[PDB]
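A, B, ... follow the sequence lines: proteins, then strands. Residue 1 opens every chain. Values reported hereafter were calculated over all heavy atoms of this structure, with side chains retained and with hydrogens, waters and symmetry mates removed.
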Amino acid sequence: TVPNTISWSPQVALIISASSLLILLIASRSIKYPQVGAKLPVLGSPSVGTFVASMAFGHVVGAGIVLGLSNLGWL
Amino acid sequence: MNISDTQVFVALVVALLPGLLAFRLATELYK
Amino acid sequence: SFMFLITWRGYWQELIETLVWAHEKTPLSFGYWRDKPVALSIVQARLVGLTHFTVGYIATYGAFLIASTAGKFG
Amino acid sequence: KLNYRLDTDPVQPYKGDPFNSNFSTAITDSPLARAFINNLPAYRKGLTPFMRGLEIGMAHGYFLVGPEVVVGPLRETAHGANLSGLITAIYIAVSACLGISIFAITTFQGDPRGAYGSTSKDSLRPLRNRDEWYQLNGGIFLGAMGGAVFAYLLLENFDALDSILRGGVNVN
Amino acid sequence: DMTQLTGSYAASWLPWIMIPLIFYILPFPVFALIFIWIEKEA
Amino acid sequence: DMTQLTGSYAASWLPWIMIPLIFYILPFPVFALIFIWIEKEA
Amino acid sequence: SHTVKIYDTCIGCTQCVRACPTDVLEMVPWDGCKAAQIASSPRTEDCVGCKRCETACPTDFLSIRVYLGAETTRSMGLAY
Amino acid sequence: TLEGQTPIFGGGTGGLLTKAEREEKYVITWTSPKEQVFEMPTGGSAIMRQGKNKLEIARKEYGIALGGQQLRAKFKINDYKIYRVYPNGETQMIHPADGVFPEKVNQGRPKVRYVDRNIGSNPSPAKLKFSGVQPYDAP
Amino acid sequence: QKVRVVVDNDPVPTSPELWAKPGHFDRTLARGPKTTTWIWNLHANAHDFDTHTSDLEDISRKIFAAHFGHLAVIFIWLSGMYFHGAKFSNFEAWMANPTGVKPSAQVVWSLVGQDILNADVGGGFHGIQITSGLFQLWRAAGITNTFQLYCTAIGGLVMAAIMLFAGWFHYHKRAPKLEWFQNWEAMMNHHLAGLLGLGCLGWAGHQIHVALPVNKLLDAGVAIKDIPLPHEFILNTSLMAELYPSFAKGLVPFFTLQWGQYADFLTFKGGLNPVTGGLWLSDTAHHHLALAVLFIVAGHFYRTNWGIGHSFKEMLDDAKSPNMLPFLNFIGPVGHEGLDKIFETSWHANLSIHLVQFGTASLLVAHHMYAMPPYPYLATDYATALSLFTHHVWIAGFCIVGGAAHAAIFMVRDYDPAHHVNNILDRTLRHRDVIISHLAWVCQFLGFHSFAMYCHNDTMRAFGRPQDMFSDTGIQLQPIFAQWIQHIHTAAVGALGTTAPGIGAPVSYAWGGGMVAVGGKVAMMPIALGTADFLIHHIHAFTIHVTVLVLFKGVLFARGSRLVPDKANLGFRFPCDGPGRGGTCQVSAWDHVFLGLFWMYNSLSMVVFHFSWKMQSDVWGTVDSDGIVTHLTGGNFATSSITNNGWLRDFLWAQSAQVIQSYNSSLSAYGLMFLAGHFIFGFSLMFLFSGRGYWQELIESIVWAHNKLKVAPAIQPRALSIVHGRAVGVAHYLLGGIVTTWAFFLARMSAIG
Ligand code: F6C
Ligand code: CLA
Ligand code: CLA
Ligand code: CLA
Ligand code: CLA
Ligand code: CLA
Ligand code: CLA
Ligand SMILES: CC1=C(/C=C/C(C)=C/C=C/C(C)=C/C=C/C=C(C)/C=C/C=C(C)/C=C/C2=C(C)CCCC2(C)C)C(C)(C)CCC1
Ligand code: SF4
Ligand SMILES: [Ca+2]
């Protein structure tokens, strides 16, 4: 059978936003070389490259999470 | 239906891994 | 024969040296050469390769000559 | 600036000599490998050369019978397969013992060449005397014949031994 | 039949050889190994 | 019959023993003799 | 051992001595050439027969010649 | 005995064999101005010490190649010596034979195996039949 | 800031003056010729750039410019195939009747009777039947008329001119610095996300928007003229909606992560299309789309200019004891530290790795394209299927040998002992006797227990004792591990239970699950493995291991050995070190490549022979109305391939009937080339068996005759050098043998395929 994919709803927006946010806090404190290049609070003051990397990885991880949940009936 | 010939042989080969590690731990504790 | 005629000595001498090391370092191998093993000489290899080439030449055609005639006739 | 880091090297030079063409590995120098190899009959301390040959012969003659019994050309019949296996072990061991004899004849003339010379320090080849080799050979031959015959007797009596190991001899 | 030891389980030949090996073949060599270990001079 | 090696010639038992003797019985002792001959110290 | 001979056509260019991988040759005083020196082979027992000396010799024909002879352990280049 | 401390080397399979203990062995000793990395004659890299060094080698060609192509050409070290060590302990210094490098002419060195003619004047082998004399050895 | 573009301006003037100075790149060759050896040396050192100069920056610029030249050559070759398929082919006729028309794209002129080679290939066309699979590739791309092929031919010529201009521009006008070439992280990011990733994405777009709709109509049976042009599927969205309903809702599901609604054209079926026998194009579209995402993600892995990413140097410096797994700590306390120096300066080391992986890729291409035929009407075109597997097997073998060759070149030329102190490279060299001795032993074990068992079979069969043979009816050698894998992979899709539930059909029918037939011929069916397959696979293991032994001994001993300790000073390519030390012929690392070429040829010849016989015997054939399959050779492989008398009789003698009887027919060219390959093989034997000392002396007498008539040349004739004679021998040997097999394979398949 074709794995189930759900229609767009605020829940998938919450998952993607939360995954992007959590990655942003973790990356600014764990990656080897943050604050490299042009600069953009509670965060570690990440650079532009760190922020775009966090948002891109938030889309990557978030997309995997939403498709994984929707496949299994929310895991 | 019980396990087959291959399953018994696989278990025997797998049991070698804790067998060798048991020897390593025993000799290390003897030190 | 193609092996003895195409490959030449220095390749085999280096390989034999590796096997010499292996024998010396292997336990339970109580044997030991009284004559040091070396690759066949340059001239010797040409003769040995020529011998294999000739013997194969004669044996192959001899078998074909007999079979293709005796099999078809008396 | 230069750090060979030999002190933290898992693989050390063999016996502290970096120029002896050897390494200290799990195969050559681990406590288990040394214990197993040095206590084989070829290396066990204190063994007489005849007793070294006896234990080696019994072990080798015993298993040499097997191959021709199972996949040999007389395998179609039980009795023929067993005889062929015993003969093959006898032929191989007699040939090997002949090789051991002529090895001792040719090696030990004057000061032997190679690893059996007086000044040689080959720890893997400890039988440095001609009389030791002949004592070894006598043990090898008698042990190999005994081991081959022992395997032959067990295979010849396979039907009896199968009933033995299943308790079928306790019916009467 | 019930005149002999048999096994309907897979690889029933295994107890045929393992019982002799563990109980009256290997134990004497094992005792020999332990005896050498406990008698070795310092 | 043609299920075994036989001989209609006289003394057909001769190849029965000569073939083993020359090809896989005597050759190893002969090789041993030659080996001793070519390895003898001067 | 191999035999190494030096003929009177030598010009004392020392090329053969430099090319020898086992130090068989050395340069000795001489008066037959402008360089006032000639090649010598005092240590032919160490000669392996590589003929590197002949390759380096500039004279025509060669002033140094190697004749392969009886083979020994060191003439065969055996480390065992 | 030969003095000097061996270079840092973790071991290898290109070292000495039974021939070293049974027939003969060679040792190359030298002095270097600093600690530095060189290539072993039979593969691998070794670190030569600050003071005087001593390396055991299976063949004489190893010492000539190491001393000539590496010690002199690359590290500008010219005081290296090569010894031949016999199993009974006898040691003789063989390179340089007389303290002067062979490529440099030295007084007192005799002519060895010199033929007083051009190579084209060697006699034909037919004239020396059954005499046991090779054409290049002919007077 | 670290990654930046720096170039020189006009570093080399563009003048043809040096065109009239042959050998200018070499100091020795620049003086001019004195003997004929100068001519050979000029061509031999033409592209050895590191011997033209010692400047790494100048060398790298030559690499970059020359690569553009090779790309232009490939584009001209690609343009030729498209043009010949648009002007001198029966492509349009073949597209109408794929199962009844032989592809043909080469037409010969009629001057000396060679027009007999214009075979009756069907479709009212006369020409040489091609086996390159161009027609099947173009059909899968959606190409339906010769005009589209003509346009691609013009585009290929344009790209060739652009490639040629780029090489001139980046060498004579704007040559990048050495630091530009040393940007590992930037190069990896751009070639992963931008080259592989964007190319997969672009081809996925072409497949989705062009190939899938055109091929869906083609398999439905509608005529070529009734199929709209591919751009109509883009403009008229209603046309795409009818074929795939999901296209009626646009890009909304993609941006909302509702990708499950795209399942009608991004399928995950597996198996083969019943109509054509190739893979489902919708399956390949999802395959390439998934590849594009994976490659683009991989392209953000390395740190270029923004701190984010991984560093090559930090990984290599960290991969050492005790940071490895407990059983992998034997690599020592230095480990991979120092390997980064190799990739900074050694072009040869990188070429060694990349040539090896092109061998790996081409081998995967050969194996994965017959068992999972990706193009329509490719599996049932037996001539094309055999040719494609054989061609890409041979390409891989040459690439692998080249990888070993340039690995040895790196050791002699670029390896620096100071950079490798107790690291893994140094440690590997320090136990090379361990490695070679064990490799030599396993080669002997494999040779005895693979080939000598065939000799055992031949002797038993000749004795009239089939029961004693290694066969399915005698002493069986069942490849149980390979049989088990076939069962696991078949049961994974539902045909250790159902481990790939989403796949409908078996991934490959070669593992089981059923048979596919297209035009009354077998496309793919399960390939049973028995004793004969056990024996032949261990033949491959034996031949590969020996080829490894020859090449890997040369690389490990390139610097020297116990015999010649200073081989590195002698160089990568030298004939010998004299007759001394007993004789040191062929000690150089080059000679190990020379010997390894023969063993690669021997290994790969048996690989393509195994494929040709097994596929004909057990897979390929015709299917009647009742579903009964009669194979091309009728199942000979199981009983005949267990002896090499069977190989000699039932494979070489029997299957050469087509090529040997091809005279006075359209296949007569294959018969001529069959003899041509045999001639070159025998011709090569005098270069391999003889030496230049004989030939130089013979040339002396010939030169005397020319001197007698005052016609001797100033450029003195010389026999080929010792290395050159070996190179000629191996080149003619491999050419003769491969051409012989090429004619043997193609003549038979063009007649019975
Ligand atoms: C004498 C004694 C001795 C000894 C002991 O003591 C030995 C041992 C070893 C070890 C260590 C090893 C493992 C084993 C195996 O697997 O392989 C083999 C097999 C066999 C079978 C071998 C054989 C054994 C013995 C000889 C036995 C004998 C017995 C008989 C029976 C006698 C008979 C007599 C009569 C009279 C005939 C080896 C080896 C090697 N080899 Mg080696 N040996 C020797 C001898 C010889 C000779 C003569 C030659 C020449 C031919 C060689 C050769 C060779 C090569 C190529 C190689 C290889 O590769 C390998 C290796 O290294 O790896 C790694 N090698 N070795
Ligand atoms: C995304 C960027 C990108 C892309 C696509 C490439 C692509 C390529 N590089 Mg490359 N490179 C890049 C960035 C890129 N590079 C960067 C940033 C550096 C500096 C670190 C290098 C440094 C470099 C070196 C040093 C070398 C290459 C080489 C190559 C070629 C390898 C041969 C091959 O696979 O043939 C692929 C075959 C093709 C036909 C691909 C198409 C070729 C053209 C030029 C691509 C044009 C794409 C462009 C976007 C236009 C698209 C139009 C349309 C699709 C929209 C290939 C064309 C090698 C080579 O052969 O040089 C000539 C080589 O030696 N590159
Ligand atoms: C990407 C691929 C690639 C690249 C860039 C190189 C690059 C290089 N290789 Mg290399 N090589 C490769 C693949 C590659 N190789 C492969 C696959 C092999 C295995 C066969 C080799 C084997 C190899 C050897 C053994 C040697 C090199 C050498 C060299 C260097 C000098 C080039 C040279 O001699 O000009 C080539 C000049 C020629 C005259 C060759 C042309 C003659 C060929 C053999 C004719 C082929 C016949 C034809 C295809 C079919 C018949 C034609 C018809 C008319 C009958 C250069 C760095 C040489 C060197 O010194 O390296 C430092 C060297 O000794 N390579
Ligand atoms: C601790 C667990 C345990 C115990 C108590 C037993 C008990 C028994 N097994 Mg057994 N077995 C086990 C685990 C165990 N099994 C496992 C995991 C396997 C799969 C590898 C097997 C495979 C197996 C076979 C194939 C056979 C038996 C048989 C037997 C019986 C005779 C003894 C024998 O031949 O041993 C044989 C033992 C092995 C082949 C391997 C044993 C491996 C275990 C894990 C070792 C345990 C060591 C222990 C924990 C350390 C003790 C410490 C000390 C201080 C006491 C006996 C009832 C025989 C039988 O059925 O007779 C009727 C027989 O033929 N066993
Ligand atoms: C050179 C002559 C010659 C040759 C080639 C053969 C060949 C053969 N004989 Mg034979 N034979 C010969 C003379 C010869 N015979 C003579 C003169 C006699 C009478 C004494 C015999 C009596 C004889 C018997 C009784 C048997 C054979 C058998 C055989 C076959 C197996 C070999 C064997 O068992 O030898 C056995 C050989 C002998 C018992 C004695 C051989 C005496 C000859 C003269 C020795 C010649 C030595 C030679 C000249 C020196 C070679 C030098 C070297 C550099 C090559 C083989 C076809 C066997 C057979 O038929 O199998 C089917 C068999 O059973 N032979
Ligand atoms: C995993 C890689 C992969 C695979 C399996 C395929 C598979 C396929 N492609 Mg495809 N392709 C790929 C990558 C891949 N592609 C890339 C990267 C590009 C360019 C960006 C393309 C461009 C492309 C075009 C333009 C076309 C195809 C087509 C096809 C189909 C025909 C069969 C074929 O090409 O041989 C299958 C190939 C293989 C099995 C092996 C090659 C894959 C690479 C080279 C191996 C790389 C791994 C390497 C050995 C290890 C690297 C070292 C490691 C340390 C990482 C088939 C479905 C054709 C089509 O439409 O079919 C209907 C077609 O026209 N492909
Ligand atoms: C058919 C011809 C032939 C044969 C049999 C061999 C055999 C061998 N080659 Mg070889 N070679 C050949 C042609 C051949 N080569 C050619 C044409 C070339 C040129 C390219 C080379 C180049 C070459 C190289 C470069 C290398 C080899 C290596 C090897 C060895 C591989 C190990 C092996 O298989 O051991 C098993 C031995 C065999 C399979 C030989 C056949 C044995 C028969 C079938 C059984 C005999 C039974 C019994 C012992 C007979 C005794 C009776 C008594 C009366 C004599 C082996 C000795 C490699 C090596 O030495 O690796 C260790 C190696 O490095 N060869
Ligand atoms: C290393 C090891 C191993 C192996 C082992 C082996 C290899 C074994 C073998 C074993 C064997 C192979 C054994 C054998 C034995 C034998 C015996 C025990 C015998 C005895 C004999 C006898 C007792 C005899 C007697 C006699 C005589 C003397 C004379 C008269 C007659 C008679 C018969 C009485 C394993 C893998 C497991 C594990 C790991 C480790
Ligand atoms: S035969 Fe040729 S390759 Fe061999 S050593 Fe003599 S010159 Fe060199
Ligand atoms: Ca009873």
Side-chain angles (χ1 to χ4, degrees), chain A residues 3 5 12 15-17 19-20 22-24 26-27 31-34 36-37 46-68 70-71, chain I residues 2-3 5 141 183-212 250-263 265-268 281-312 315 353-354 357-358 360-361 364-365 368 374 502:
Chain A
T5 53
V12 300
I15 291 300
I16 278 174
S17 292
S19 82
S20 297
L22 294 174
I23 281 162
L24 183 63
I26 299 301
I31 74 167
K32 182 67 181 294
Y33 283 113
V36 176
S47 62
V48 159
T50 303
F51 177 76
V52 181
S54 166
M55 287 312 120
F57 200 42
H59 267 73
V60 163
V61 169
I65 285 190
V66 298
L67 303 164
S70 176
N71 195 335
Chain I
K2 297 296 289 183
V3 180
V5 179
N183 279 288
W184 305 324
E185 284 84 8
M187 215 180 288
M188 278 304 292
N189 279 4
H190 275 81
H191 288 159
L192 281 177
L195 175 63
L196 306 181
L198 288 191
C200 282
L201 194 45
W203 186 242
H206 179 100
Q207 290 199 292
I208 282 153
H209 289 286
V210 168
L212 262 64
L251 277 296
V252 177
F254 171 73
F255 287 109
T256 59
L257 319 177
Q258 199 165 188
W259 299 346
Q261 293 179 356
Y262 286 147
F265 71 96
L266 297 177
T267 64
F268 183 75
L281 287 199
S282 47
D283 276 333
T284 72
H286 193 193
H287 165 89
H288 279 127
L289 174 57
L291 280 195
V293 171
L294 183 63
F295 283 144
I296 289 165
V297 165
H300 294 84
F301 181 84
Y302 300 97
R303 167 192 328 142
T304 56
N305 264 346
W306 296 270
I308 51 151
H310 301 256
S311 179
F312 266 116
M315 293 180 183
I353 303 177
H354 302 175
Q357 294 299 348
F358 271 44
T360 302
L364 288 170
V365 163
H368 291 176

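Judged purely by atom type and a 3.5 angstrom limit, A/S70 has no side-chain atom pairing as donor or acceptor with the backbone of A/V66. Put simply, the side chain of I/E185 gets close to the backbone of I/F312: a donor and an acceptor are under 3.5 Å apart. I/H287 contributes no side-chain N or O that, together with a main-chain N or O of I/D283, makes up a donor-acceptor pair within less than 3.5 Å. With hydrogens and angles disregarded, no donor-acceptor distance shorter than 3.5 Å links the side chain of A/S20 to the backbone of A/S17.
When all heavy atoms of I/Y262 and I/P253 are compared, the closest pair comes out as OH-CD, 3.5 Å. A pairwise comparison of heavy atoms in I/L212 and I/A285 identifies CD1-CB, 4.1 Å as the closest pair. Heavy atoms only, all atoms of each residue included: I/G309 and I/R303 are closest at O-NH2, 3.2 Å.
Within the structure, side-chain hydrogen bond (donor to acceptor under 3.5 Å, both in side chains) pairs that include any residue of residues 52-67 of chain A do not occur (at least two apart or interchain).
Surrounding CG of I/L364 are more than 12 heavy atoms belonging to other residues, nucleotides or ligands, all under 6.0 Å away. Heavy atoms from other residues, nucleotides or ligands lying under 6.0 Å from NE2 of I/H206 number more than 12. Within a 6.0 Å radius of CH2 in I/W184, more than 12 heavy atoms belonging to other residues, nucleotides or ligands are found. Taking a 6.0 Å sphere around CZ of A/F57, one finds it holds 12 or fewer heavy atoms contributed by other residues, nucleotides or ligands.
At least one side-chain heavy atom of A/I31 sits less than 4.5 Å from a side-chain heavy atom of A/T50. For the pair I/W306/A/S47, no side-chain contact is recorded, criterion being any heavy-atom separation below 4.5 Å from C-beta on. Using a 4.5 Å heavy-atom cutoff, the side chains of A/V61 and A/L22 are not in contact. Counting heavy atoms from C-beta outward, I/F301 and I/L192 have side chains that stay 4.5 Å or more apart. Contact of the A/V36 side chain with the I/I308 side chain is not registered, since no non-hydrogen atoms from C-beta on lie closer than 4.5 Å.
Taking the six-membered ring where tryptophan is involved, the planes of I/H286 and I/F268 are perpendicular, since the angle between them exceeds 60° and thus also 30°.
Separating the NE2 atom in I/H288 from the CZ atom in I/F295 is a distance of 9.0 Å, to the nearest 0.5 Å. One finds the CE atom of I/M188 at 11.0 Å from the CG atom of I/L195 (value rounded to the nearest 0.5 Å). The CG atom of I/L257 sits 9.0 Å away from atom OG1 of A/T5, with the distance rounded to the nearest 0.5 Å. Here the CG atom belonging to I/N189 is positioned 12.5 Å from the CD1 atom belonging to I/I296, to the nearest 0.5 angstrom. In this structure, CD1 in I/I208 is found 11.5 Å from CG in I/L281, a value given to the nearest 0.5 Å. Note that CG of I/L291 is 7.0 Å distant from CG of I/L294, once rounded to the nearest 0.5 Å.
Legend: residues meeting side chain to side chain contact (heavy atoms under 4.5 Å, CB included) with I/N305, ordered by chain and number and at least two apart, are I/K2, I/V3.
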Do A/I23 and A/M55 pass the side-chain contact (heavy atoms from CB on, under 4.5 Å) test, and can you show the C-alpha distance, the side-chain angles, and the key distance before you say yes or no? CA-CA 8 Å; A/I23 281 162; A/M55 287 312 120; over 6 Å; no
